[PDB]
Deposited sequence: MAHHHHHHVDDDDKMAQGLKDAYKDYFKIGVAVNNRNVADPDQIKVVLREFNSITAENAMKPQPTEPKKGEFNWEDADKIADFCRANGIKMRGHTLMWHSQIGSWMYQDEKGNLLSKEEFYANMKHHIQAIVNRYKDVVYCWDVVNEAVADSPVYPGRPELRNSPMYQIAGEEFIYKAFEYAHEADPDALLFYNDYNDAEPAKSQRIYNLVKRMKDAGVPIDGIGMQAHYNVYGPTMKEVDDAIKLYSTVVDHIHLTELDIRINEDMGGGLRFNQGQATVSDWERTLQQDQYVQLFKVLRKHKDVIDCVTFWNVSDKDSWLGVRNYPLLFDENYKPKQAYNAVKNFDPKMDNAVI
């Protein structure tokens, strides 16, 4: 078990689909290896509430019950995002954005509904996902993505999402989650956002590095640097959706093993702040990226690659 080999460092997590927790083959692996679960899709805004007031709890209830049942705590993925979210939250179906008052009321009601239903099992939440702009942000352009949320409320909508989550479960750790988390320009922006949040008194406990890396990746030097930067502003860091894609050869196979091995070194050296490393999907078979891309430490048949033994046993 990976969770065991890293007992003294951080939890080892995985994001699951409906089958991953219903099939005894897949369940065996999940239960062996991981001590943290995220719903891959069952807890996002559109899946759980595609029309105002019309909830669909069925899929998430299964994964949560799986987690209650086997004594694993969940990361709640996510409360707010520009994708997989019902239009109704920010616009009126003519296609006109709502006012900041209605938008806020929608975000509040949704967050109360979901946080309240799973707070017994969920230990932390990705409260806002992917609000920072992608690189190249010229001097004086906005550092935030220009989503409908941002168009209605500016940066404030982020502060609110966090206030509402905190009021709904004051004991949950609250994370800002984003991708290209080790890129030099974007991490600076992610740092800057979280710094403004704290200076406004927003209750943010942590940063989530998605860690969708590749094999030319970002370099381990950039990761190390990025974890050091985020450490100067929060007490808590998670890798939330770790993946090392190739874009199989035995030299590629090699490249990707080295990469995993060296990454987990860096993480190990930062155990103090790193609480959890979660993998997106259990195996290459389930991977959002596909079997070709050969991400993740288990293969199309849910079997440990050699790279799994490299990361499991270290120093």
Item checked: Sequence order list of spans that the model leaves without C-alpha positions, deposited numbering -> 1-17, 265-279, 348-355
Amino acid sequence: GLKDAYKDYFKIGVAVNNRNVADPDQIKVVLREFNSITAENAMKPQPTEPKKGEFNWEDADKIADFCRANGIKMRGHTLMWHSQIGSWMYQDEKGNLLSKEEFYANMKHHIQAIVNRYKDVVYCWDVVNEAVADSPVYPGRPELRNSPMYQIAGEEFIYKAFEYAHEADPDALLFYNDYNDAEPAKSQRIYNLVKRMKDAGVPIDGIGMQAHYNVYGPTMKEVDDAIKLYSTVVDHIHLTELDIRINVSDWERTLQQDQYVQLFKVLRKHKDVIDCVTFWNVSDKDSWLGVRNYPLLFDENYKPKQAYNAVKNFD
From here on, numbers count along this sequence of modelled residues.
Next item on the list: Averaging the C-alpha B factors as listed in the entry, name the stretch that ends up higher: 88-96 or 181-189.
Entry: 88-96
Next item on the list: Tell me which of 56-64 and 22-30 has the higher mean C-alpha B-factor in the deposited entry.
Entry: 22-30
Next item on the list: Relative to the other modelled residues of the same chain, rank the CA B-factor of residue 81 and answer lowest, middle or highest third.
Entry: lowest
Check: Mind checking which third residue 38 falls in for C-alpha B-factor across the chain?
Finding: lowest
Margin query: Could you place residue 219 in the lowest, middle or highest third of its chain by Cα temperature factor, using the values in the record?
Written below: highest
Notebook entry, point to check: Going by the entry, which third of its chain does the Cα temperature factor of residue 241 land in?
Noted result: middle
Item checked: Record-listed C-alpha B factor of residue 48: chain third -> lowest
